[PDB]
């Protein structure tokens, strides 16, 4: 992704279709089993901060980690995983996300190595087939990062704004993803929350259109503001070395 390539011909309705698609993906990923338990768990903290450092180290496309997280969650909520295979699942989610968004391929042998133990590429690949079968071989999602741009379009923002905005929202979204209390929230809400945190009372088109946008998406002013606080909590409690300290 070199920004929001090939998006000039989009009209509000197209952007809405995309939002509706993340709404559905959120649902499919939410009608899971023990939803809250997974997001509040301590193992989810280790798994996401691990994948996060791995992505930073291997210097991966910035949309790999976001997807890897959306995919790890559906896999944990849509199937029964044994504690022994948690780390391995986190690696598969990472491996599959790369096949979708990565420029530089993410290697299984390298991931097996980072996993350590009895983990091998052969095992991760056998686990990837079983995982993709779960996801019906449809691995890409509409992420909160991706939504940031569909929302700026709908608000007829100037081209020049997107960049600065995308870059301010990205870090907040990543932190939100590692916090279960904020990562279980709908994608747009997280997007709009981060956008509020960065655009509120700074851009006029934002301040003029945010109410209708929220309304068309069934979001109350209250929901937006609460989310903003969930995100700020996510940002404060984010620790890159969590998987190190506890694991």
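Residue numbers count along the first chain shown, from 1.
Student: Could you settle it for me: does 138-146 or 151-159 have the higher average Cα B factor in the PDB entry?
Tutor: Mean CA B-factor is higher for 151-159.
Student: Going by the mean C-alpha B-factor recorded in the entry, which is higher: 26-34 or 41-49?
Tutor: Stretch with the greater average CA B-factor: 26-34.
Student: Taking the Cα B-factors listed in the entry, which of 108, 118, 72, 177 comes out highest?
Tutor: Comparing C-alpha B-factors across 108, 118, 72, 177, the maximum falls on 118.
Student: Splitting the chain's C-alpha B-factors into thirds, which one does residue 218 fall into?
Tutor: It falls in the middle third of the chain.
Student: Can you work out whether the C-alpha temperature factor of residue 104 puts it in the lowest, middle or highest third of the chain?
Tutor: According to the entry, residue 104 has a C-alpha B-factor in the chain's highest third.
Student: Just say lowest, middle or highest third for the CA B-factor of residue 54 relative to the other modelled residues in its chain.
Tutor: Residue 54: CA B-factor falls in the middle third of its chain.
Student: Splitting the chain's C-alpha B-factors into thirds, which one does residue 83 fall into?
Tutor: Answer is middle: the recorded C-alpha B-factor places it there.
Student: Within this chain's modelled residues, let me know which third the CA B factor of residue 167 belongs to: lowest, middle or highest.
Tutor: For residue 167, the deposited C-alpha B-factor lands in the middle third.
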